[PDB]
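What follows is a pair of forms of the same protein chain, given separately as structure tokens and numbered structure 1 and structure 2.
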Structure 1
């Protein structure tokens, strides 16, 4: 086994939070004292190894802005026990009645937190590869944590969120994640709308190659859109670092938009 293994009896699945095709997510209790989240595996869907590699990545990462792994049960049905995030998906949140009231300051702040989680990823020499709102979890007090580390890997695919060079040539770097982050900014500034409204995957790929970039979302300051465009520079190395993005977003209302309403 490994040091992250826990007896299945020390878990108590309670509310089914969600369900996918790989299995489902449950809010439960661990050791009778701890509130947790449990990701289960549907026995046929994917190999134990394939499902658990997400947990393999999480054993090497630990940051306040990344969903924390608590333990695993590696005998079918396989379980991945993580910290529980009380508000669920950022996407559902941005879409819901809940998020219809979020204003730019809260939005920029959520971005700053995600950028901080990614800045850790960046300095740990990893690439997430699946960065988008659906993969960010919201908690109490609008705390945003990065989740879904299954595709993440040590730097040894939806064209809408994936950088061109990563989607076309498999060139996955922290800079391709920076591209995804710029797309994630549009999701935050539009209430979770799907990027490139009215364009099919093929049209997106084609258009992005010709230099097309999404225009400034309504109500989004031009300065925040410029940051998005920096995240989408065609040359991966011209794209800002997550360390830069985190600082820029945290200071946004003083250093970039002091006159803000």
Structure 2
């Protein structure tokens, strides 16, 4: 069951979906039979051994709301092979043609699905380290899956990529002191909730990374997004407690969001955008 390293010749890279900071994502075909996504890593951006050791852990994480790792090509340039998610990143989906039609019920259901995957990560005593809408994938029927879990711990710049960090999504104890835990992921999830309720806008509008760190450190928190109910902003603010142990669990977040329109905001009615 550990024989998941594959020869590069077993993959056809057929359609380039986009370019990231560290490589490319392709739609392709594996073993002549299977539709896959292929994520490529420029040489020198990740230690092959360290990747394989982490991949052994990641291959064990199996949940309907986590993207499934199928295979790796372990020679530089490293290729990661996963299931194909037909609507791409949640961030692109929110910002695309469909995004303008999403209302609060769809966005809260998407949040509940992300919370369910993260509750699994929580049960497995694992840590994502880079939770944000860019690292959620969307399929048919608004299925959302958590992607890119664990990788941030291993990613480095090469000479090229160095000429180009998600501070705005990162809990202060993680950004400042390297204290990455499930509770720093909960902070990230709170920021992700702002991405959902603004249909993809960058957090802390008008602020650069240094201003965000300065302001958050002195107690600043984002205010309630336009048309967002106060009750959902209150949940965001629980995720952004200074004391990490006082932030909610993903188990709690999942339950709150699943039950939201019955228990919390039954008075919901559609407005201009939500």
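Each form is matched to the other, and the largest set of C-alpha atoms that superpose within 1.5 Å is called the rigid core. Positions refer to the first chain, counted from 1.
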Looking at 167, 85, 119, 78, which has a Cα shift of 2 angstroms or more between structure 1 and structure 2 when the rigid core is held fixed? 78
Could you tell me whether the Cα atom of residue 51 shifts by at least 2 Å between structure 1 and structure 2 after core superposition? yes
Residue shift check between structure 1 and structure 2, rigid core fit, residue 23 Cα at least 2 Å: yes
Is residue 149 displaced by at least 2 Å at its C-alpha between structure 1 and structure 2 when the rigid core is overlaid? yes
Once the two forms are overlaid on the core, the CA atom of residue 129 shifts between structure 1 and structure 2, in angstrom, by 0.6
Once both forms share the same rigid core frame, by what distance in Å has the CA of residue 10 shifted between structure 1 and structure 2? 3.6
